[PDB]
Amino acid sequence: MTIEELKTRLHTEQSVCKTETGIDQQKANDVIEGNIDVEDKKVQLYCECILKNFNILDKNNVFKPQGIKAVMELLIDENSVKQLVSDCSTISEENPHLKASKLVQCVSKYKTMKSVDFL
């Protein structure tokens, strides 16, 4: 993968996850910009859908380091990715939906999805 292919792939996942979840564009924009309303159900589901589609979350919402590295190593330096994995893999949340939004919130501290528009 390259950054340009990530951009294309992410746009597609955002599109399909929007129709799967019914999230309003305004709330999708908030998520993409890194402002996560972690308790909003459609935000949770949108986050979950994108992360599952990238194999960052497995079917039972377990965080997968391989999946997050495949994406983040395109965007930030190796050592920063290591720290991101160690940080965001240890989020204190057991509920799958809330875990999904909290994971996007944690990671957004490092890079937001909107990042890919600044290629």
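Basically, rigid core = biggest C-alpha set you can superpose within 1.5 Å across the two forms. In this text, residue numbers run from 1 along the sequence as written.
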{"query": "RMS CA shift, core-fitted in 5 other deposited structures of this protein, bigger for 74-82 or for 54-62", "finding": "54-62"}
{"query": "Higher-deviation stretch (C-alpha RMS, rigid core fit) in 5 other deposited structures of this protein, choosing from 91-99 and 20-28", "finding": "91-99"}
{"query": "Mean C-alpha temperature factor, higher of 5-13 and 103-111", "finding": "103-111"}
{"query": "Residue stretch of maximal mean CA temperature factor, 92-100 vs 14-22", "finding": "92-100"}
{"query": "Out of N55, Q44, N60, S80, residue topping the C-alpha B-factor column of the entry", "finding": "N60"}
{"query": "Within-chain third of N29 by Cα B-factor, per the entry", "finding": "lowest"}
{"query": "Within-chain third of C49 by Cα B-factor, per the entry", "finding": "lowest"}
